[PDB]
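To start, the structure under review is shown below, and the notes come after it.
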Amino acid sequence: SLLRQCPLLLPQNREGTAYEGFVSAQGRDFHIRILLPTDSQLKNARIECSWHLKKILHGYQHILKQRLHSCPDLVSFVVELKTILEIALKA
């Protein structure tokens, strides 16, 4: 169910990058390509999804509660992307 949880989740690399496509749920789209280069650990993966007029992204923990629910794998982390973006979409 992780391959269809977001209509903008394309496989970046054959090695299991899972960082390709608009993974931001907003008015029009959210071009946040987070490429996790770790073998199996979720933390330390490059999730600098440059968006909102910014090209170069930064590490995790950008928002006050951004890097909080990092217990699950990319599936739960990808599902929480919309819930995290909704906190700022209403401002």
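Ligands are numbered from 1 in the order shown, chains are lettered A, B, ... in the order of the structure tokens, and residues start at 1 in each chain.
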With DSSP run on the backbone, what are the helix (DSSP H, G or I) residues within chain A? I'd like them as a PyMOL selection string.
chain A and resi 74-89
Polymer residues at most 8 Å from residue 31 (chain A), only C-alpha atoms, same-chain spacing of 3 or more positions, as a VMD selection string:
chain A and resid 21 to 24 49 to 51
Once you have the residues from the selection above, write them out as a short mmCIF file (atom, residue, chain, number, x, y, z; two decimals), in the first residue's frame, restricted to C-alpha atoms.
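Saved the output as again12.cif:
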```cif
data_model
loop_
_atom_site.label_atom_id
_atom_site.label_comp_id
_atom_site.auth_asym_id
_atom_site.auth_seq_id
_atom_site.Cartn_x
_atom_site.Cartn_y
_atom_site.Cartn_z
CA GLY A 21 7.80 13.04 -7.75
CA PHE A 22 5.65 15.62 -6.00
CA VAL A 23 5.39 14.24 -2.46
CA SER A 24 3.72 17.39 -1.10
CA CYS A 49 12.86 18.45 -0.09
CA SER A 50 13.43 21.97 -1.41
CA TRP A 51 10.05 23.66 -1.84
#
```
Using CA of residue 54 (chain A) and CA of residue 13 (chain A) as the two end points, give the distance in Å to one decimal.
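For CA of residue 54 (chain A) relative to CA of residue 13 (chain A), the distance reads 23.2 Å.
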Give me the residues within 12 Å of residue 43 (chain A) as a compact mmCIF listing (two decimals) with N, CA, C and O atoms, in the first residue's frame, counting only C-alpha atoms and dropping any in the same chain fewer than 5 places off.
```
# COMPACT_ATOMS: atom_id res chain seq x y z
N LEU A 35 15.71 11.95 -0.82
CA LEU A 35 16.44 10.74 -1.18
C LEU A 35 17.16 10.23 0.06
O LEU A 35 18.13 10.84 0.52
N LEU A 36 16.68 9.12 0.61
CA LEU A 36 17.28 8.52 1.80
C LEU A 36 18.40 7.59 1.36
O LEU A 36 18.11 6.51 0.82
N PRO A 37 19.67 7.94 1.55
CA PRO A 37 20.77 7.07 1.13
C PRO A 37 21.18 6.01 2.14
O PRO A 37 22.18 5.32 1.91
N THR A 38 20.45 5.86 3.24
CA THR A 38 20.79 4.86 4.24
C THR A 38 20.30 3.48 3.80
O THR A 38 19.35 3.35 3.03
N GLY A 59 18.54 19.70 6.16
CA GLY A 59 18.36 18.47 6.90
C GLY A 59 16.99 18.40 7.55
O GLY A 59 16.11 19.24 7.35
N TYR A 60 16.81 17.34 8.34
CA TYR A 60 15.55 17.12 9.03
C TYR A 60 15.42 18.07 10.22
O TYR A 60 16.34 18.81 10.57
N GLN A 61 14.24 18.04 10.84
CA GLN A 61 13.94 18.88 12.00
C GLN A 61 13.82 20.36 11.64
O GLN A 61 14.20 21.22 12.44
N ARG A 67 10.93 16.73 12.81
CA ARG A 67 11.64 15.48 13.07
C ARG A 67 11.23 14.87 14.41
O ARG A 67 12.06 14.58 15.27
N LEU A 68 9.93 14.66 14.59
CA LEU A 68 9.38 14.08 15.80
C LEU A 68 8.92 12.64 15.62
O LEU A 68 9.33 11.75 16.37
N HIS A 69 8.07 12.38 14.62
CA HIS A 69 7.56 11.03 14.37
C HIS A 69 8.43 10.34 13.33
O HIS A 69 8.03 10.06 12.19
N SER A 70 9.67 10.05 13.74
CA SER A 70 10.64 9.36 12.90
C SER A 70 10.89 7.93 13.35
O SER A 70 11.94 7.35 13.08
N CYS A 71 9.92 7.34 14.05
CA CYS A 71 10.04 5.97 14.55
C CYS A 71 9.79 4.98 13.42
O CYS A 71 10.53 4.00 13.27
N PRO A 72 8.76 5.19 12.61
CA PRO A 72 8.44 4.24 11.54
C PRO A 72 9.37 4.44 10.35
O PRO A 72 10.22 5.33 10.33
N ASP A 73 9.19 3.59 9.34
CA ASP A 73 10.01 3.63 8.14
C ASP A 73 9.50 4.72 7.20
O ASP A 73 8.65 5.55 7.56
N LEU A 74 10.02 4.74 5.97
CA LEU A 74 9.61 5.75 5.00
C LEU A 74 8.12 5.73 4.73
O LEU A 74 7.56 6.75 4.33
N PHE A 77 6.66 7.75 7.50
CA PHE A 77 7.22 9.09 7.31
C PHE A 77 6.62 9.77 6.09
O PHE A 77 6.36 10.98 6.11
```
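Reported to one decimal place, the separation of CA of residue 39 (chain A) from CA of residue 25 (chain A) is 26.9 Å.
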